[PDB]
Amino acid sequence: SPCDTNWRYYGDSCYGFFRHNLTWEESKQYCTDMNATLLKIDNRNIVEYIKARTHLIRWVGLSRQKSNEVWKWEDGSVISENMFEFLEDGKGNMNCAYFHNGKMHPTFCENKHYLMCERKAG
């Protein structure tokens, strides 16, 4: 309804899925180039929608500003306690996460993956 071409409307957001194979930071840059944000996943409901939409590895907006620190979304909020069930195993120096088939996985930020962006529906 309020969303544009290549952006899907769900809840109060517009979601864009882009098959550009980019590093985490490059993906972040791509999103704000479109006045958008890498995705925030703070509930089970959005998990199921996203996994419906795609089954390819895509970066999300979850990262830890330094190795071994807490996991935070783009907006600076920390991943909700309920959402730890959806964050898979990683190493201390894997700082950024991708989403794949309903789970988030910590991995090296310099690796390349496809991405997705989110804007508030207007």
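One rule holds for the numbers: they count along the sequence shown, beginning at 1.
Chemist: Compare the mean C-alpha B-factor of 20 to 28 with that of 7 to 15 as given in the PDB entry, and name the stretch with the higher value.
Modeler: Comparing averages over the C-alpha atoms only gives 7 to 15.
Chemist: Among the modelled residues of this chain, does the Cα B factor of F84 put it in the lowest, middle or highest third?
Modeler: It belongs to the highest third of the chain when residues are ordered by C-alpha B-factor.
Chemist: Against its chain's modelled residues, does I50's Cα B factor rank lowest, middle or highest third?
Modeler: Middle third - that is where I50 ends up once the chain's C-alpha B-factors are sorted.
Chemist: Lowest, middle or highest third of the chain for the C-alpha temperature factor of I41?
Modeler: Answer is highest: the recorded C-alpha B-factor places it there.
Chemist: According to the PDB entry, is the CA B factor of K91 in the bottom, middle or top third of its chain, that is, lowest, middle or highest?
Modeler: Highest third of the chain for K91's C-alpha B-factor.
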